[PDB]
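Chemist: If you scroll down you'll find the structure; I have some questions about it.
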Ligand SMILES: N=C(N)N1CCC(CNC(=O)[C@@H]2CCCN2C(=O)[C@H](N)Cc2ccccc2)CC1
Ligand SMILES: *[C@@H]1O[C@H](CO)[C@@H](O)[C@H](O)[C@H]1NC(C)=O
Ligand code: NA
Ligand code: NA
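Protein chains in written order, with full-length UniProt numbering: chain V, 333 to 360; chain Z, 62 to 72; chain U, 364 to 509, 518 to 621.
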């Protein structure tokens with residue numbers, strides 16, 4: 333749980349998935 | 062539709 | 364999931380499938396919160412109106428999956444249940460208030476590229492992120508319309532203002548719920564559907580880049596109907612119960 337919420341194939345290797353930018357853009 | 066899973070789990 | 368898309372490999376490594384032994388079939392979604400604990404919706408396990416009252420040995424959980432129906436050799440892990448814990452004030456008689464349950468696994472699951480727990484929110488992350496217009500992400504293998520998908524589906528959906536949620540339904544909504552989805556004529560759609568229950572509504576924190584599970588797929592009227600919205604169990608509001616169960620059973 334110290335490492336919770338960080339995905340091996342994405343955050344752990346600083347890659348983004350195809351639609352997570354849509355989430356970030358909604359947080360105004 | 063569901064592929065059968067190993068019997069080890071179903072026991 | 365209605366009007367979603369195929370998930371990428373490893374996009375949701377906390378996603379869990381609840382699987383019935385006999386006959387072998389998907390029951391529900393669920394989520395991995397540690398190597399021994401799995402979160403789901405209570406109505407996935409107990410719903411007397413549908414003659415649903417599962418016991419531990421009725422069930423398996425399948426972790427790390429992508430395909431809905433294939434046995435994903437060397438990728439997925441299949442775990443047996445030690446114990447099911449349903450919220451003591453789960454209201455199956457009326458409106459699914461407190462639609463939440465924990466499942467403790469018999470043995471810890473090994474993490475991998477495909478298997479990894481999601482975070483649970485604290486009060487500060489909940490207050491920051493659970494705001495109308497902010498988008499979260501829902502995942503599942505449920506129905507594609509009100518047939519069924521080959522692989523895990525994903526859809527991003529905005530949280531809806533509470534008065535709009537209330538005015539969309541005759542069912543009594545509580546502080547232990549929130550709703551999400553697009554308003555009509557907004558130009559976009561999408562919803563959870565039957566079979567997606569118990570799966571997670573997640574948000575990616577812009578402060579620390581971690582994914583947090585804010586909700587559990589709970590209920591709705593139809594799927595992807597205009598003027599209707601999907602309802603989700605409010606995970607933070609029930610966090611004290613979650614912690615009590617974990618801090619007294621393992
Ligand atoms: N569009 C969606 N996002 N959802 C997603 C979740 C699915 C599956 N969940 C159900 O079928 C639940 C289980 C019990 C009945 N129920 C309902 O949703 C009823 N229609 C309304 C209701 C009845 C009693 C109490 C509370 C609500 C439904 C569609
Ligand atoms: C469901 O089954 C469990 C164990 O079989 C029992 O303890 C519980 O009272 C039952 N509840 C309902 C509503 O059937
Ligand atoms: Na209303
Ligand atoms: Na709608």
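Each residue gets a CB set at the ideal place from its N, CA and C atoms; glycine is no exception.
Could you pull out every unbroken beta strand (DSSP E) segment of at least 3 residues lying fully inside the stretch 416-490 of chain U, listed in chain order?
Modeler: 422-426, 440-449, 464-468
Chemist: Quick check: the stretch 379-399 of chain U against the stretch 415-425 of chain U, are there 3 or more CB pairs under 8 Å?
Modeler: yes
Chemist: Under the three-state reduction of DSSP, which class applies to residue 509(U): helix, strand or coil?
Modeler: coil
Chemist: Would you kindly work out how many angstroms separate the C-alpha atoms of residue 588(U) and residue 563(U), rounded to a whole number?
Modeler: 7 Å
Chemist: Give every residue of the same chain whose Cβ lies closer than 6 Å to the Cβ of residue 498(U), excluding the five residues on either side of it in the sequence, and list them in chain order.
Modeler: 527, 529
Chemist: With a threshold of 7 Å, establish whether the CB of residue 622(U) neighbours any heavy atom of ligand 2.
Modeler: Outside the modelled stretch of chain U, which goes from 364 to 621, sits residue 622(U), for which no answer is possible.
Chemist: So residue 64(Z) contacts chain U; which residues on that side make the cut at Cβ distance below 8 Å?
Modeler: 432, 433, 434
Chemist: Per the contact definition of three or more C-beta pairs closer than 8 Å, is the stretch 539-550 of chain U in contact with the stretch 612-619 of chain U?
Modeler: no
Chemist: Residue 423(U) versus chain Z: which residues are under 7 Å apart at the beta carbon?
Modeler: 70
Chemist: Can you tell me whether residue 612(U) is helix, strand or coil according to DSSP?
Modeler: helix
Chemist: What in chain V is Cβ-close to residue 496(U), meaning under 8 Å?
Modeler: 358, 360
Chemist: Considering residue 589(U), what are the terminal residues of the alpha helix (DSSP H) in which it resides?
Modeler: Where residue 589(U) is concerned, there is no enclosing alpha helix (DSSP H), although the beta strand (DSSP E) it sits in stretches over 582-590.
Chemist: From the DSSP output, in three-state form, read off residue 607(U) for me.
Modeler: helix
Chemist: Less than 8 Å separating the beta-carbons of residue 394(U) and residue 377(U)?
Modeler: yes
Chemist: Quick one: Cα of residue 624(U) to Cα of residue 70(Z), how far?
Modeler: Residue 624(U) is absent from the structure shown; chain U starts at 364 and stops at 621.
Chemist: Could you tell me the distance, in whole angstroms, from the CA atom of residue 518(U) to the CA atom of residue 577(U)?
Modeler: 35 Å
Chemist: Where do the N-terminal and C-terminal ends of the beta strand (DSSP E) with residue 575(U) fall, by residue?
Modeler: 571-575 is the extent of the beta strand (DSSP E) around residue 575(U).
Chemist: Report buried or exposed for residue 508(U), applying the criterion of at least 16 other Cβ atoms within 10 angstroms of its Cβ.
Modeler: exposed
Chemist: I need the straight-line Cα distance from residue 558(U) to residue 596(U), nearest angstrom please.
Modeler: In this structure, the alpha-carbon of residue 558(U) lies about 14 Å from that of residue 596(U).
Chemist: Does the distance between the C-beta of residue 411(U) and the nearest non-hydrogen atom of ligand 2 fall short of 7 Å?
Modeler: At least one heavy atom of ligand 2 is nearer than 7 Å to the Cβ of residue 411(U), so yes.
Chemist: Under three-state DSSP, which class holds residue 356(V)?
Modeler: helix
Chemist: Please list the partners that residue 388(U) has in chain B, where partner means a Cβ-to-Cβ separation under 7 Å.
Modeler: The chain labelled as chain B is not found among the protein chains of the depicted structure, namely V, Z and U.
Chemist: Quick check on residue 410(U): does DSSP put it in helix, strand or coil?
Modeler: strand
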